[PDB]
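Proteins get letters first, then strands, A, B, ... in listed order; numbering begins at 1 in each.
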Amino acid sequence: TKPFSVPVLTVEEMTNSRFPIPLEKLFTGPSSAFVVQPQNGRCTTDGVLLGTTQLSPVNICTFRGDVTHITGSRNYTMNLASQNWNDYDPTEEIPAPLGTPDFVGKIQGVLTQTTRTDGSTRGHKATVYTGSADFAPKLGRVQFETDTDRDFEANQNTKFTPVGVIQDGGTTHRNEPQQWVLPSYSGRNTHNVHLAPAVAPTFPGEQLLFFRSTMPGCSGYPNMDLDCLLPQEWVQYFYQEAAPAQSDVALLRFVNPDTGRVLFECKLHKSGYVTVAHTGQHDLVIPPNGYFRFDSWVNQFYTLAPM
Amino acid sequence: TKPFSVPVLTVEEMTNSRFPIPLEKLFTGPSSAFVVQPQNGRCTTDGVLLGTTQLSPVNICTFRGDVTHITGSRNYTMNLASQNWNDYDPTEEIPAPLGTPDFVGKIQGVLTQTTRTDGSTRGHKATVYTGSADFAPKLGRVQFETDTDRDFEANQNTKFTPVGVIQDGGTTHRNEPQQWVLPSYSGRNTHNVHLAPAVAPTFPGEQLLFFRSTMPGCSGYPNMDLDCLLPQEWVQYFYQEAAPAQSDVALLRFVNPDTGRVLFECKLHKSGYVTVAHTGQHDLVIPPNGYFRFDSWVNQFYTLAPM
Amino acid sequence: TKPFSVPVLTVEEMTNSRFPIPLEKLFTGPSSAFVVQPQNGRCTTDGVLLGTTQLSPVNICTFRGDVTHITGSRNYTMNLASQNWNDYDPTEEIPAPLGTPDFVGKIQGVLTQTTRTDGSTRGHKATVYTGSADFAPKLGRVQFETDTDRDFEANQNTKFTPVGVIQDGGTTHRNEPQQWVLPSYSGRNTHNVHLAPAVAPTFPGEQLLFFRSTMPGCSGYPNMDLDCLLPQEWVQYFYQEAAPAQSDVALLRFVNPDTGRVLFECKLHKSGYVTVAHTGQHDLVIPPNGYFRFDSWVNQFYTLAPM
Amino acid sequence: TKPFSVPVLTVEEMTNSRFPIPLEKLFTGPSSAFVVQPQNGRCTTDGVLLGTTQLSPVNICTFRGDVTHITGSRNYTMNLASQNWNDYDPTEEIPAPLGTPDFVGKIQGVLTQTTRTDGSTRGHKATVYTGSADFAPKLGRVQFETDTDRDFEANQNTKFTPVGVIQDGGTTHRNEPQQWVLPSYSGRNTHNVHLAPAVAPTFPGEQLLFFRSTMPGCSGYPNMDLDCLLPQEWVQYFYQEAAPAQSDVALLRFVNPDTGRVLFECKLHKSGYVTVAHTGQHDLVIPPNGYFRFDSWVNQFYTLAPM
Amino acid sequence: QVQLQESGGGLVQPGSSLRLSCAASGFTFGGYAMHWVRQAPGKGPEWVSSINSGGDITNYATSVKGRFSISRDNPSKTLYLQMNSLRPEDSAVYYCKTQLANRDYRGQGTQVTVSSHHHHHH
Amino acid sequence: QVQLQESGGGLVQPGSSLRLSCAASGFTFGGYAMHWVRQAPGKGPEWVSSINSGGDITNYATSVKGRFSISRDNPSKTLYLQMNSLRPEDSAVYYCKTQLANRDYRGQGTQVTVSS
């Protein structure tokens, strides 16, 4: 069998799989009081992309299509195209277009457009509320709130580049975004379909290990924590390698390459998430040059050394 | 040791190495009339990163640090930090912080900021002119033009997220950016240092093969063509594989996986660029599922089949 | 040293701990995709009541106090008293008054009242929407919708007796109640406090075992499934016995007294919930005289025989 | 064998055994002028259930089955089912289905129904007059007066949930219900069978001690007093414990756990009722945390200290 | 079991209007997005139209936008496609399809031929 | 850390009005129910008033209904108690208190004395 492995990359060398920003740190905490079912950053260890996951980190939380002005307002409806500008097909066996945001919140960015006949261009501040009834990316429809009521042409290529998140600042700080609440991809009162499954630790004393970033904040007092289950580079690497899983669990050691010292060990479950032996909320303290090393296939009953 | 290879990825599956956007197409043209010396997307086939090249596409053309307001203006001076907010060190053997823009132009994006004490946040449109006397990223100083004269606080974490490029529509259209003109990374009248070398084909009848994207335009009539010498994913892959070069030239075939038919062949040079046998400007017509396949190391006198 | 046990009672002889109706059956299913954090039917095996749990089966989802008419409506605000008509104290270390509903839904029942001076009485159809901003039992205020704007008197003892649940038949069938969504006990935009913890299986191949009833439906197409973690009789029994836990897990066998044969075994976790070894949704088929029997103290690493 | 005991539960922690409502207080009064022969809340001290007594309080005064409309009226005949919706068996050695009301009066509640095929539900105010010639629960027939003449369907699961009692306010106040008048469980001119026996004090100077609640009233001026001979929790406890009686009478002391002082003593007769030494009607004044404690086996001629 | 049954197809002249129906059973119908797809002779199936549970979000293939209208009645569990200004290239078998959890379901379809030709045989 | 500091007490005349303040820090304040309690000499503490995050739900002890009014300003993280028609039996230390997750917190209190 082709040997399994994970990339030789430090945490800071890698990228969040749920928003186009670098990873910052490792975090673990209990999760029984919320549902951990992100759709980006989902990949089996033998390289099957799940949920809404696609390969490039720069397409995460972007949208492409043409826009229609909602007269009387500064709002525009975008009819979604595929990343390569091809027609988008709502009947594919996915929850939503690949790269669609997988949390409820207010994502701020910039809508840009080029007019093809003369090469004229324009960019405007834009916000997408993924909790809105007009957020229906699975059916190809997303509404943006912008700072213009006139600049954007119809039937011209238009792109949303995400920047960060905002919070209604007259409200209790850090109550949005809600990173563990999936959007309703087809709008109100419509069940999501074809989801990657929710994940949870399934061994005594274990917690999920999260790959954490801080999203930029553009207004108010947002909760900028963003946790993904797999670095985007691991998604990319498993897809490329396609090494078959020999058991349910790949045992990884986090090692300091200067000293060879193992700092902690963790379980990489073959369906694509990581657990550690710890109880409580904890920001891991790691050497900046540390990296993950696959050591052995184990079963689900392996007892990790406490971290 | 390791057998050399390139990733099994289509053009549309990969990312530009000079701006955080997806690749779109392949282009070849003559380049003897100007100097081709990009600093991002530079990597040897055995995995040595060159110029300002780093591994994650989301960090390309980003800046972070703290800002100081220039009184009487809407401009701010950024004192650069490294990606982990550590002090930036101008004495490292690089031309500029990794990921610094490697072309002269006006890059528009958003400056975001968080206040440490209460988590309050703010974001404003911002433009960096990389031809400016105030553009000195090698020494940790970059100036931004913004739409505020009061909103950014001193001594607080601040980040620039790039979106696109702009042009002054009152002047000759598409006269900027100038993608092949390197900035002066330390400002006026100061030589760049530690550059990746200029690239040019030496084999009779050969031209560079460019991996082409269209950058978003945010205002005016910019030249939005952006050509990189290597996809960002090839940089990542060569770094990870670190496979020794068996000669100076790797022969690649571009293949349609459905039919097995080879569309063209090209030379991947050990120092990290690609050439094809063609004379003139040409937009390659490729099947969207085609990919590059490494077939053999070749000596210095190998003549490519005409593209 | 007092020996632990569970009562010798069949499933149909016991009572749901989350609504005043008998238990009907046993059910198991995966639970990573919702939060299992009920506040009624919560009790440790050594008799510590948790959440909003109290001993009386008939006080579950009952309210008592005086009512104030909401002028212009057929609605009344009940100012809560304790279940024994004493003053209610919002500063106790509980999430809400004991017996408060622990799911979001529309509970229909009857508001009754007696006039102290002459013994005159009155009763009216009433509904409490536990997802309402005016559902704030933690602060002693609960709004009822009735069919009168004038019959109830001020400063007279008033009781809500629950009957069943309703759904809006003009909307998708079985879309409410939501038995795994806790109310906001202090109203809109206010965090719940002092909750009994969420629960989850913590061993490979295990699922929660649920004690299931069917709530009466009073209108529309409600989801009448109601799952509790412990029968109300087990809450009552553990409270009375107060037998100390000798380990984390009491191993129970479900035995058929007609044959003496064990049908399945399960783990009763000392914090007060049950798990079984099974994968998938499953309605347990059990003999009518079967009952649970405590056999030995084990730990969280014990491997159960497959259910 | 096993030592007899009574539960350590306060009066207010316990439930009436003749209607699904909490106990409120202890009451004693003379009863030589009428027959005291309730059928719910009847249990021997060694755990033998008597009369119509069953174990859970939420089933008391409930009915379930299918209903048939009485043309020209708003009345429905319920054909009774067992709790699990199988046929009820009129030939069991009981006076009537377990939990049947054991007093003559008008009990108001709600009739709910679910349609099997689509899960549609409906609920209507309903009253059962247990003195009616059409009240024949022993033979599985009970008539309800409702506020509909068309909404209930045939051959669908239907349940009656009790709420309270009513009285005709145009007649002398508190003349009904009559809590010590048994219904004729098979209707007109048909002897009741398998009754638990009437109870009366035999020792001079003694009265029954009643566990008293106040039934909700839904209309008129009903007599809302409801006295049971045993708390439902004592029924449940004796059934579980099945401790053999060492004599005909268990001497209980009612104790204040703070001071340890005994407030009064009483005789718990092995056939399941309590007497005290007192003459006249008296609401007992007790510390809210007081509880009963078994102290000694005595006989029918033990002289109690005056209450 | 989930069941979908289309109806309303036939042979009609270019420029005319035609309404298709799809009767659904075996699931709540409400709560689920529904779609129309079509398969022309010699081609694979292609998306035509989509609608969410309440009907407040709809979308259409570029080739039928402005001419087709999708709608639904959740109480009767019926999906509809109103087709106007029909063109020869609209000829195809039309199917209703849905997705529930991680499985897709499609009806057997209804044939629609848009032609002024009227000589056809098996 | 979670911090609460009450202020505004003093020695006042029966029938007068007094406004108490509680300054909070170390948590969002918004999003949490807040409470006033009081404790007089030789007496256990007793609940006075409660308020939810938006101030649309309030409640009061029977002994102060119609005389006291609770309010809050979430941006400044300040809780207020407006006390009108003060009576000698209102004398006590007034504490501000909250509940976060499974822990309770309360300030050191402010003394109110109503006397002729």
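Between the side chain of D/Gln240 and the backbone N or O of C/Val8, at least one donor-acceptor pair lies under 3.5 Å.
No part of D/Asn157 comes within reach of chain C, as not one of its non-hydrogen atoms sits under 4.5 angstrom from that chain. Heavy atoms closer than 4.5 Å to chain D are found in the side chain of C/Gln236, but not in its backbone. Proximity to chain C involves both the backbone and the side chain of D/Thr121, based on heavy atoms less than 4.5 angstrom apart. If you measure heavy-atom distances from C/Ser120 to chain D, the contacts under 4.5 Å come from both the backbone and the side chain.
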### Query
Can you check side-chain contact (heavy atoms from CB on, under 4.5 Å) on D/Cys218 and C/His124, steps first, answer last?
CA-CA 8 Å; D/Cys218 304; C/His124 288 281; over 6 Å; no
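Here side chain to side chain donor-acceptor pair (under 3.5 Å) pairs that include residues 283-292 of chain D, with residues two or more places apart or in two chains, are D/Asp258-D/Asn289.
Between chain D and the residues C/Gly220, C/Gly123, C/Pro7, the most heavy-atom pairs under 4.5 angstrom are made by C/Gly220.
Residues of residues 44-55 of chain C lying under 4.5 angstrom from chain D, judged on non-hydrogen atoms, are C/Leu55 in numerical order. The contact list for residues 162-169 of chain C toward chain D, using heavy atoms and a distance under 4.5 Å, reads C/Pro162, C/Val163 by residue number. Contacts between residues 9-24 of chain C and chain D, defined by a heavy-atom separation under 4.5 Å, are made by C/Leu9, C/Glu12, C/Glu13, C/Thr15, C/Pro20, C/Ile21, C/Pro22, C/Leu23.
In this structure, the separation between CE on D/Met215 and OG1 on C/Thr112 is 12.0 Å, given to the nearest 0.5 Å.
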